[PDB]
Each structure stands twice: as C-alpha cells, then as structure tokens.
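# Geometric and topological summary
One letter stands for each residue in the lines below.
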Protein chains: 2
Amino acid sequence: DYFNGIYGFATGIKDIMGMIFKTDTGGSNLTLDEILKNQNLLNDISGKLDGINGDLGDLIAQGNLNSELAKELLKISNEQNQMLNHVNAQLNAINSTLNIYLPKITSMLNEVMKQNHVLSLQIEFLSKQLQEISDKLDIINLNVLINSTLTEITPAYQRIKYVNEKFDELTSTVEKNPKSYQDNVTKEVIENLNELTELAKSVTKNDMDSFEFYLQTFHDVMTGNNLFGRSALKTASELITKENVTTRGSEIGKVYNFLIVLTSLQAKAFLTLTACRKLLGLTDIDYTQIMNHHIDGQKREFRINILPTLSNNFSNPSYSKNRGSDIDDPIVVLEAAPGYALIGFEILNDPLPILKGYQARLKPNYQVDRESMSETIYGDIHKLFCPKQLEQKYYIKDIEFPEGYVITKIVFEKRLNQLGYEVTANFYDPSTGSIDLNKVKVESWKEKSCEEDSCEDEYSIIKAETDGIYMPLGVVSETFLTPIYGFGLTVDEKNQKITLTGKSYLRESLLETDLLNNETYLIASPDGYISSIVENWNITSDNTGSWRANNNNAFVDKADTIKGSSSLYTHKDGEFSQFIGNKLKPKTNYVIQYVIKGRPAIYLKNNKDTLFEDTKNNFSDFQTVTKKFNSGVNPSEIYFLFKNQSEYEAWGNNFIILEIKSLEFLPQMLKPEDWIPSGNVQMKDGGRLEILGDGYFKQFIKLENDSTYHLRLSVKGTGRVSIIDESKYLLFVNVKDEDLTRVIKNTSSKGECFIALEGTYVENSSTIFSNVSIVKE
Amino acid sequence: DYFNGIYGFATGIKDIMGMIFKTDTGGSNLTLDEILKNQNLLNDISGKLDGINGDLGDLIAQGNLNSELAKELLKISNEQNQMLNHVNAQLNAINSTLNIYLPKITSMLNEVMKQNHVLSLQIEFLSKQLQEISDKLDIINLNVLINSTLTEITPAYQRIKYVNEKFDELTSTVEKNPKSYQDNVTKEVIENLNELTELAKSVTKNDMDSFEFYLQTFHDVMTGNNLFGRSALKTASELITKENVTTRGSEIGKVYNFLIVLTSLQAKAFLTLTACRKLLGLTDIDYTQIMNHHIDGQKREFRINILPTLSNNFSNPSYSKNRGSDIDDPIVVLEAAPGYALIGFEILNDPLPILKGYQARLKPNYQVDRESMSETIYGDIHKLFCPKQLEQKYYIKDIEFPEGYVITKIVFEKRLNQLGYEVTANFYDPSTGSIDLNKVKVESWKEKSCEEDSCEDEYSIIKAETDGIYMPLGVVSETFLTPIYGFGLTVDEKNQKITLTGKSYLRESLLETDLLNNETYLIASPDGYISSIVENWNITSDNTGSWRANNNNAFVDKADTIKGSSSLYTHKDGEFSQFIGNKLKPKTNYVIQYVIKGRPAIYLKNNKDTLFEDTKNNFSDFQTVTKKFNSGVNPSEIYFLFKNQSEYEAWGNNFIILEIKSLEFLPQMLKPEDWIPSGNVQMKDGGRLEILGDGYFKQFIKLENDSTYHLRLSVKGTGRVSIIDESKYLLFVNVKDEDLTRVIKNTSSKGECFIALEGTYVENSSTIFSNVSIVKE
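Residues numbered from 1 in each chain as written, not as in the entry; some residues may be left out. Chains lettered and ligands numbered in written order. Part of a larger assembly, values for the part shown. Heavy atoms only, no water.

Structure determination for this PDB entry is given in the record as cryo-EM, at a resolution of 3.9 Å.

Right, let's talk about unusual backbone geometry for a bit. Positive phi values are uncommon outside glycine, yet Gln496(A) reaches one of about 60°. Within the secondary structure layout, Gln496(A) lies in the loop between β15 (484-489) and β16 (500-504). Of note in this structure, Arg230(B) is not a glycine but carries a positive phi near 50°. The topology assignment puts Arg230(B) in the loop between α6 (212-223) and α7 (232-240). (Helix = DSSP H or I, 4+ residues; strand = E, 2+ residues; numbered from the N terminus.)

Residue and element names in this part refer to chain B. Contact pair helix α4 (residues 145-176) / helix α5 (residues 197-204): the axes reach a minimum separation of 10 Å and the direction vectors enclose 155°. Judged by the inter-axis angle, α4 sits roughly antiparallel to α5. Considering how the two elements wind past one another, α4 and α5 form a crossing that is left-handed. When α4 is examined against α5, the residues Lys 166, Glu 169, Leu 170 and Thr 173 are found in contact with a partner set consisting of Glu 198, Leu 199 and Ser 202. (Axes fitted to C-alpha atoms, helices over the stretch in contact; angles between N-to-C directions. Parallel < 35°, antiparallel > 145°, perpendicular 65-115°, else oblique. Left-handed = near helix turned anticlockwise from the far one by under 90°. Contact = heavy atoms within 4.5 Å.)

Pairing between strand β7 (residues 391-394) of chain B and strand β11 (residues 460-463) of chain B: four bridges, direction antiparallel. In the sheet register, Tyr394(B) faces β11(B), and the bridge partner there is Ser460(B). (Pairing = 2+ DSSP bridges.)

So, about the pattern of salt bridges. Residue and element names in this part refer to chain A. By the definition in use, this model includes 58 salt bridges over all chains. With a closest N to O distance of 2.8 Å, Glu 637 and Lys 608 form a salt bridge. With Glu 637 in the loop between β23 (619-630) and β24 (639-643) and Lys 608 in the loop between β21 (601-605) and β22 (610-614), this residue pair connects regions lying 29 residues apart in the sequence. Classification of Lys 608 by relative accessible area gives exposed; the value is 56%. (Salt bridge = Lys/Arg side-chain N within 4 Å of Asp/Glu carboxyl O. Buried < 20%, exposed > 50% of the residue type's maximum accessible area, 1.4 Å probe, protein only.)

Quick look at the sheet that holds strand β39 (residues 768-769) of chain A now. Residues and elements named next belong to chain A. The antiparallel open sheet is built from three strands, whose spatial order is β36-β33-β39. Whereas interior strands pair on both sides, the edge strands pair on one side only; in this sheet they are β36 (739-740) and β39. Examined bridge by bridge, strand β33 (residues 713-716) and β39 share two bridges and lie antiparallel to one another. Across the sheet, residue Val 715 finds its bridge partner in β39, namely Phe 769.

Before going further, it helps to spend a moment on the environment of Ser662(A). With respect to the helices and strands, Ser662(A) occurs in the loop between β25 (649-661) and β26 (664-665). Between the alpha carbons of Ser662(A) and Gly564(A) there is a distance of 37 Å; along the sequence they are 98 residues apart.

Here we come to the side chain of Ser504(B). With respect to the helices and strands, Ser504(B) occurs in strand β14 (residues 500-504). With residues up to four places along the chain from it excluded, the contact list for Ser504(B) reads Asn312(B), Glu478(B), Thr482(B), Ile484(B) and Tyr485(B).

Moving on, we get to empty space enclosed by the protein. The rolling of a water-molecule-sized probe over the atoms marks out the regions of remaining empty space. Throughout the structure, instances matching the rule amount to 17 cavities of 30 Å³ or more. By volume, the largest cavity amounts to about 270 Å³. As for the largest cavity, its lining consists of 22 residues, and the residues nearest its centre are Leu227(A), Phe228(A), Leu150(B), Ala236(B) and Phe258(B). Put simply, the parts of the chain that give the lining of the largest cavity at least two residues each are α5 (144-172) of chain A together with α3 (67-134), α4, α6, α7 and α8 (251-278) of chain B. Of the voids in this model, the second largest cavity is the one considered here, and its volume is about 110 Å³. If you go around the second largest cavity, the residues you meet are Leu102(B), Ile105(B), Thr106(B), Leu109(B), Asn110(B), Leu170(B), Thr173(B), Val174(B), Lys176(B), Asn177(B), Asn192(B) and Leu196(B). Going through the elements one at a time, α3 and α4 of chain B are the ones with two or more residues in the lining of the second largest cavity. At five residues, the largest contribution of residues to the lining of the second largest cavity is made by α3(B). For the lining of the second largest cavity, a count of residues per class yields six nonpolar, five polar and one charged. (1 Å grid on protein atoms, 1.4 Å probe; cavity = no way out; pocket = protein on both sides within 12 Å on 5 of 7 lines; lining within 4 Å. Points joined across faces, edges and corners; volume = space filled by probe spheres on them. Nonpolar A, V, L, I, M, F, W, Y, C, P; charged D, E, K, R; others polar.)

Listed below in structure tokens is the structure:
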C-alpha cells in the first residue's frame, strides 16, 4: 500500500488525541479503591437498613410518647442513620461509577484502540526491518562518544518502549461495554475487574517525578542537547555508515528508517500519556504542541547536520557462487514502459538465477505510485553473469546522468565474455512528477578511459575458478523504492565477487515532502512479489473473487487457522478451484510460490494434464515453497485446484505464479534452419542437431579473409566436428562432452565452407549438440 | 560586551533568591497552601448548613403552632443562622487570604522569569562554545574514566535540566498572566487556582527523597567527595586537554568554560527550588549559604588540583592552502597604541586572506576594558606566510618574557623567504593596571645569541608546492581575550602546516579575581567583527539615529525581538540612508559584511557611482554576505543605501565596512621615480613601468663587487631584463609573462651600472613588469 511518512503519522496521532481529548469524564474520580465487587452485596444492606430506619423514624415522628424513651429511640435513630448513610454513600459511589463512567470510558477506549492499530500497520514493516539491521551491525572500534549516547539513552528508551507496548496491548484486552462489568453474575468481576484495575494502576503511575522526565530527555538526547551535545542521530549515522552492514537500501535509507522508528515511538508514547490522563480524572493537557515541536526539532536535526553527509549508493546484499556459460552471447533488456521508470532490482536463484525488475509511474517530488507498479522476471541471469572455466571481461563504470533525469532502460551485453551494458535515461519533472520522453541520454561504454577519452579500455576481468563465480544475490533497491539517476557495476575480481550499485533520488525525494511537512507517499521495498496471475491470490477479505470452493469443507475463513491472515482451508474433501488456463501462454516457463500449512493438494490441471501437483509435504506452521515448470503446448484450459488431500487438514494462501522471461541471445552467422542432416540424424527444439547414430548435420557457411571467427559449441554424447573449406580442414576436432572454444583466425574460405556436424559413427550413439555458434569477431 | 564571572552569577542568583525569600502574605502562616483544602471543606459545610437552615426557616414560615413550640424553633433558627454567620466569616477570611496570596505570587513569578532570563543571557554564549569542543572530542585510549564518571553523573544532570525547563513552562504561565491579572476580583478563586496547576504539581515533585537528593549528590561528585575521590572535574580536564581538540582557547579557557556551565546550572537549580517553595505555601528557608558553600567547594577543588596542571599555550584553529609568493618582501607591523596592549589575533580568508588583531587598555589583574577595544585589518597575509614555487625559511623562535610583561608590538618580516619576527613587550602592574612605557624588552631572533653567534639559526624551511601551503586560519586568542606574554611560531613542514602560538595570563588573570570572588570582568572571544564605520551597525532598537528611513514602510521589521534579532526592513520602496562619505579614504580596499534575508537592494554610492551592489539571492533566513571593494578615487560623498531589491520585502543588518591595512615591504635599492622612460613607455599605478609597444625603461644602479645581489620581477608582456655594466652584460634574460629569480655573485662594477627594462617588439602587447626589486643581499 502506502507509507504516509512521519508527518502524516504525527497528524494521525494528533487526530487520535483530539478525539480522546474531548469526549467526557464527568470527573468521576476513577480511583481503584472502590471495592466494586459488592454492588450486589451493599444493595441488600442498604435496602434492609432503609426499611428499618424508616419504620423507626416514623414511629418517633408519631410523637406522643415517653420523653426519655423518645431520647433513647432518637439516639438509636442517629446511630443507624450514620451507619446506613456511610454504607449507602459507598454504594452510591460504586453505582454512579458503574452507570455513568464505565460506559463512557469503555467507548472512548475501544475507539482509541482501532485507530492505534491502524497507525501501527503504518510501521509494522520498518519494525522488522530495524530488527534485521540490528542483527547485522557490529560496533567494533567504537569511540567513547558511542558509549556516551548509549548510557545517556538506554533507560529512557527501555521504559518508553515498555510502556507503549503494555498500554497498547491492554487497550485491547479489556472487556467492552457489552458486559459493562455490570453486577450481572460474577467472575466477569474477577477477570475484567483485574484487567480494569491493572489499567488503572498503570495509568496512575504516570503522574510523578518520572515519564514526563523520560520522554523529554529522550527527545533531548535525540536532538543532541545533552551535556556535550552529541545527538544520538549522528552517532547512529556513524555506526551505520561503517561497512559490513551491506543490506538493502543506502545510508540515507537506513538512517531515515531509524528516525522513523524513533519518532513513531515518541508519538505513540505521547498518545499513551494523554490516554492515561483522560482515563484518570481531570486537568487535560494538550500535549500536541509539545509533540509537534519535538518531532519538528528532531527532523530539523536530521535535515541540517546529518543528511548532506550520506550516500544514496546501494549495493546487492549478498553474493553467490554459480557456474555460468561462455559459448553464449546473452543479451538482457530491462526497458520500463514509456511512461514508467526503473525503481530497483532483485536477484533470486532458488528456482533459478533470476533478476527481477520493478517499474512504475511517478508522482511529484520523486514519489512513486502504488498501482502502475509491475514486477518483471528474467531467465538465466547467471549465464550473463557467470562463465564456465574461461575469463570474463567486465567493463566497470559509475554511469550517472544529470539531475532531473531518471534511468529508464538498462540493456545488458555479454559478447565473448565481455560484459558491458547500456544505460538510457529520460528527463523528468519533480514539480509535476512528469517524465519527459523526448530528452534522453545514452551510455554505450562502461569505463573511465572512455569517460575521459571515448576510448575502449579500463574494464576488469575475472579468471573463472572451478566451483563458480560469486554472482550478485538478493535485492537491488533502496528501502523505499525510488527512481535512480546513478547506476554501475564494481566487480572486485581480487576475490572473484561482482557488485551492482546505483544512486538514488531518495534524498531529494523526501527533502521536498517530508522534512517540509507535506503529503509524503513512499513505498517500503517489497520483500516478496507484488502481482500474480492468480487474481486475489492474497485472499484475506473473506471473499474469493475468482476463487471458488465446491465444498463447504473448503471455506474462506479470514481466521482459517488464526485471525492474523487467511489461508484457504480444506479438510478431507475441501477443494478450492480457479480457472487459470486463459492466461498462461504455451511453451513458457512459470515459477510458483505459496505459503501452506498442513498437507494440501495442489493441481494445475486442464482436466487432461496436471502441469504441476504437490501433495506430499506436511507443514505445521505455513512453510512457503517455490517450484518451477514450463507451460505445456496448450495450457489454455488449466485450472487452479487447491484440494485438501485424499484426506487431511490443509492451509494455503498467496498462490503466486509468474512468467519467467526466457533468456535471449545476440545474433550470429549460423542459422538453426540452414542445416543439412545426412540421415539417421535429427535436430531438436534448441537447434540441438542430435546425431541419432551414423550420420551428420552440415550447413554451408561463408567466411572472409580479414575477419576472425569464434566457433563455440557443446555436444551431448561423444562425436566430432569438422570445418572443411572445400578439401582443406579449416577445422576438424573430436569432441566427447565439452564446450568447443576454437577461434578461427584470418582465412578466406575458398568458395564456401560448411561445418560437418559428424558425431561418432555407431548405431546406439546419440551425439547431441547444444549451441551452434560461429559468432564472428 | 562583558561577563561577570561565576562569582557575579552566584551574586545574581543569591540576589533573586533573597528577593523571593522576602515577598508574601501570611494566612498560610497557619496553613500550608491547604488553604484550598480547608476552603472547599468549609464551603461544603456552609452549603449543607444553609440547606438545613432553609428547611428550618420555611417550616417556621408555615407557623401555626404553640408559642413555645414555635419560639423554641425560633431560637434554634437563630442559633443556626449565627453558626452560618460564623462559618461565613471563616470562609471569607480564607477567601481574602488566598485572594491576596495569588496575585503577589503571579507578580513574583513574573519578576523571577525576567531576571532569570537577563542572567542566563550572560552564559548563553559560553554554553554554545562547549559544542565546538563536542564535535572534536573523539578521544580514546583512557575511556574507562570518562565511562565511570559519566555513567555516574548523567542522571542527576538530566534531572536538573528537566526541572529547569519546567521554568520555560513557568514562562508559559507568565504568558497566561495578562489573561487573568485583571479579573483577580474573587474570580481567581477557581480561575487562577487552575491555570497554574502545572506548577502546583511540579513544586510538589520537589520533596521526599528526590530532586534535592539529586542536586546534593551532583555537587558531591563535582567536588569529588565520592567513594574514591576522582571528581568529574578532574576527568573532564583529562579529556578536554587531550587529542587535537584544536579550538581557540587553552586548557584553562576550556576547563573554565566547563565549570562555568556546571556552576551556572547548579545555581539556577537552587533558584528554582527556592522559587517553588515560596510558591506552594511557604516554609522560607534561604538556601543562599548552602549554595555559596557548594560553589566555593567546587571552585576550591578546581583551583587546587586542576589549575596548576594546565597550560596557557594555544594554537590557531584552522589552516588554509593559498598560493603565496617569494618576489615580495612583506613587512607587517602589529603595534598597539602606547596605552594599549595586544590581546589576540585573527586570520580571515573569505573576502581575502586577512589578519585581524585586537588591542585594548588594561584593567588590573589582567582584565580588559569594553570600550577601549579596537579591531585592525591587514592585507593579503598569504604573501607573508606562503611562498610560491620556491622554498621559504621560517624562524621558529619561541619568544617569551618575565611575568608582568605583556606583548605590545609584533613585527613580521619576510626577507628573501626568511621569516622571522621581532616582539616588543612592556612592563605592567597586575594591581592598578598601568602598563609602563619605559621598561621594555626586545627579543627578535637572537635567543641563540646567548650561546652561539649564529643568531640566524634555529629555523626551518618549507618548499612551496604548486597550490600553496596550509597557512593558519581563524582566531588567535583565548576563550577570553587576554594580554599574552608568550608568542611564537611552530611551523611543521612535514605536513606543510604553519602554526601560531602564545602564552596567556589567564592563570594569573583569574587566580586573583574569580577564585577570590572579587570582580571578574572578562570578555568572551568575539566571533566576527565588533567595530564598523557603520554606526549602530546592527541596530540598537527602534532607534536608528545613524539611519534615515526615507520611506514609511522602510521601518525596522521586528523592531523588538519578534523576528529574533535586529534587522532593517524595506518593501516596495524601502530604503535606509546613512551618510558615510567622511569615513572612507580614496583608493583603499574596504571589506563589506552583512546579514540579509530575502531580496534586498544593497547600495553604496554617492548618487554618482555604485561602489558596490547586491540585488539578487533571496535567502531563506538571514544569510550573511561578505565581499570586498576598493574605495573609489573620491569617496567623500558616498553613503549607504539598504533598499529593497524589488517590490518584495527585505531584511538586513550587521552592515560592516572596514579599512584594510595594505601590505608593506622592506626598502630596496630600486626606486620607481629613478626610472628613465625612453621611447613610448610610461609608468603605472602599481609601479609597473608599462612598456607601451616598444621602448624601454632604464635606471642607473651602483652594484658592488663585494656583496651578492638579488633581482626579481614579474612581467605582463613578452620582454627582456637587461643588467649591463658600462661594457659587460651583468644580466640579460628575456621574460614572457612570469616571475624572475636571479642571483648575481660579486658584481664587478665599472661605474656605469644600470638595468634597462625592455620589452619585445610587439606593439599591441604592452610589456608590463610588476616588481622592480634589485634587493641587496
């Protein structure tokens, strides 16, 4: 969805305050002292004693009686009236409370709970994100300045977080007015009474020589007004900018995220304080002024003396050793739509090495639209990034366009292990969010020698080791998706690892909107996918939409196994159905992912073939799994079939399936169609040209004198290859199972030559070729 | 301005504490500001009694009874009414009591806030300077002490600062005051019993095993009466005096700033305690004596076992790289008026490399007068400190003097890149001030004379790189200006750093005054200029006896503290005229400096020429401008014109215009007037001998065969230098546009010896030399 930034969050908390600030208390002195469990018991005493006292008082008021007897009875009347009066006073306090106050207070509290929950959904993400950041940071070589802020802040932070947690949860677990805690029977007045008493005790403890001291000093330490003025913000900046912290997002991303965490903490605490006050008696204190002032102070700090020092450069978070190829010329294009813009990348490998690219339209001041977003998946990216036992040329540049431009299309080129690329940017307007389509800039070469002389040099090379090259792995994006104006590759072959890097507009993307208190619209980096062919794959709304269950044991049930999320539940016959055939293009790969608990029965069936089925694994706690498959020759009828099992209990949701864009290649001289078989030989889909025994393939191929040619191919099954010009062997090599790498030098093929793809000559032989590549140098 | 020391601040605090100790009413002379508790109790009793009396009275009104059975009821009614009159007397007494108590309290708090602000203004400056240490105190290697001490001290410090800020909210109640000062006619009884409950709470949090405790233990640690001694002050010194703090002032100045901060904090906290206890009823215990006790204890500690360990040495704060020169022999004289003495230096670079020095009279015990101070600006000092393209010699020579002596004139001399300097001090009486003019000392470069004839030894040399050397930059003084007895230069050509350093009387300048609580008239080190040809150069307030507001809207924008500090204001016609043509001297460079916001029209003219203008750069908030300009050929009529750039609103202040002392040179044998124009050649302003096309300048010069000579000159225009005897060419070199460095050995002279400054045969490019320097070695 959206994250409306710290200013919008503060406005939300201020509106919650303005709501609770007004409603009512009637004074009503909610002191816990009231026994509050004898509203029944005292009533009996009150009634009986009232009757007795009335009878006796009327007997006296009859008059006409022995004088001293009258005095005696009058004294008895006085005593009884005193006892009864204090008793009914206690009862009247209790009952006045349990009729006037608890309904009012319960209503206001129930109201404050929901909006609190809503605002907590605005930072749920960054919570876990800062948890992860804390996991991967090391404080070696810290200065005394660090220990300074640590001891200056840690108790206040401890207690502020603790109180926010405790109160916020107690807002929920307090019975609401349905019971009204009334005298109804009992044990409602044990448990709901215990919880109400605990709420009372907590809120009471918030008015003393503490917790308006803790809040204030916390704010001060943040702003950096302590005994020698070292804002914890700055020391956190220093700690984060220290390396070994290579995770998603750049410096600015991480520090701003930190400040989001802390500011949300402070605002939550202010809300809690005001709620406590109103929950007690009187003297409401409009804290909104102080809260806004403190938030603006911390933001001014962050803006002035930290932000201009940080980098928007962001790298892949991890690496991975992988075996790629050399006989191929893979070319990859990531071209956003004409009205779109690149907004980050991601590399996954678990189904297969896959680069993913997001794209979207732009809103002013470098803000992204939630919709119009799109994820695109690409194929064997390792084959572009990884060799197989041969060196790799990597041209490395810090390509960056001028300000106002946005990287709009990144095309990759690997030509005979020379890895360059193409970065093209368009013009964009921050004031209107509009991206121009008629003012572009291009970058064809990827070094500094071409940067200063337009001459080809200054790449870097990697000598292919055995196990595999450390290729990029993980997410390539800022913590908040953002159009980038800088990009580059910075491989360090010293240890055989590659690294991508870009420069983000995040700085200016926020400096115009948030730190100036305007409507901010960011988007947290999507941890997983965002779209799917399965419509409403994210079943949560208790509605199936295109989903369909043909059995009442298959139901939607937002609280399938828990109210936290829905996961289509099926037991012993439960089947969730969805026609999906119309969207899967034939002969195309697809990756599948879903979070499943139990052992469900999953099917991709067109009533004739089940393109995929998994019915084996049993998952206690919603294990997600990912598999792949290629669409059949005609999947136009395939359904989605979430069945339960033969019989079992099943859970499952977020059934994501996406097209894996097949990897393409550069042109060559060879053509998979110009081949000439010679009996007992059959070519395959990938121009494989398998020798089915005794026979061969050939294809006439024209050469020139002053041109160099690189012949590359691999075979499945032993065989041979021969380039005979007309009688002379321009080449003749025996190959068993390996990648041919011969490079024919300057030689004018007389007339025409051809490659006699002759494998071995026995009956049971199968010499299958892979990549008939005669790429000319 | 002025600053009256820790003792003066304690005097102010004690004065105000006495003031509040003597102002109140009684009433609570028998109560404890439970005036309210008894007041409400009495009110309830009056209400119930009145309700009873009403029923008795109307039952009487029914009448129709026996006389005695009525007359007895009549007597009972009389008794009840008299009882009600009695309680009404009591309650009216209480009403009048609190009705006097409250408004006096309000007025007292008003006065407390005013005077507290007036005092805190006198530490506000030196509070900020503590951050100039904060940024550069990244100190390590003994951090265990500054972990222990901080972990032990910082809670009490936080709490004290918090309590203090409760008096900004006191100021908020001061703001409230005018809303209820007028309706004090028995309406306050619940109006102004609210509207201050914040304070009524804060004060209650000043008892009971609490804040008093924190103040006490804080004092105890600062003095160092802890478990193991080690006052936080000692470790604070051990931190601040170490590891490249490299900011103005010495160990003494900085540690003293620290102690000023701490003692000022404590004094303000004691004032707050007593102000609270004067409110909230009364007990009237003057903490005066205890406060003076604690302050004197901390001062005794600081004097005894910290002050001796400190040094009065101090470096310049910053360096700057600037291409200097070797063709010039710059001589600089820094001499005070006879009744004055130098108190510190300052190097500015922004409008130009410029050296500033302050000189002033003396108050006894090494103190300085406010209005006797004066600033002086000298020219391009890089020409004195930095070479160009050659080496340069520097007489590192740590001059000193006996006590009672004070530096009075420092003369700088760069001769053939030999940099030495003569320092001339005078004698002075610590008592009565009275520098005497007849007991002087001169130690120029001959501190080696006592043991070695080579007075010219004990120096160093730097080789000029292509871009210049790190010349000193910033302020040369102690945190408080002070006549210095020590001075020297300690260049480090290992990193091309030139360093100025001296010794300050600070130790003595205070050891007799502040640790003895006497007068302590100090001056904090300024941060910019303090004098200007512009009178009231900032603004006084509402009064611009220097300025002439020709328009009406050309008023003072804030005119009183509302837009922060003073700023002239102009909009749509606005202008402030001020005739200054009498204070400018023709053909003299003058520095311009001022702070502005928005779009102003900067004008310096005599209605006949714009000597300077700025009509652009609409700044966000009060940006300062600093540029340069030369006085025209006749500035007698010029005056200032701060107008508005355009229809917009403008702001501006701190208009500074100062004369720059042009640089001076040692004498040399070549004379400009002795030049012989021989054919279409004329002299220039800078003595440049413009060779108009063809021709040459010549001038007879008697060289001697005993000494070595040095001719140097830079030219504009292709030319030839020609030193010929009557027969022989002693020198004949040609020059295009560059400098010239020639060393002639024993010059065999034949009487007719001269140099002919000849260009080349280019009629357009007039050959223009710069420095006719035949300086004799």
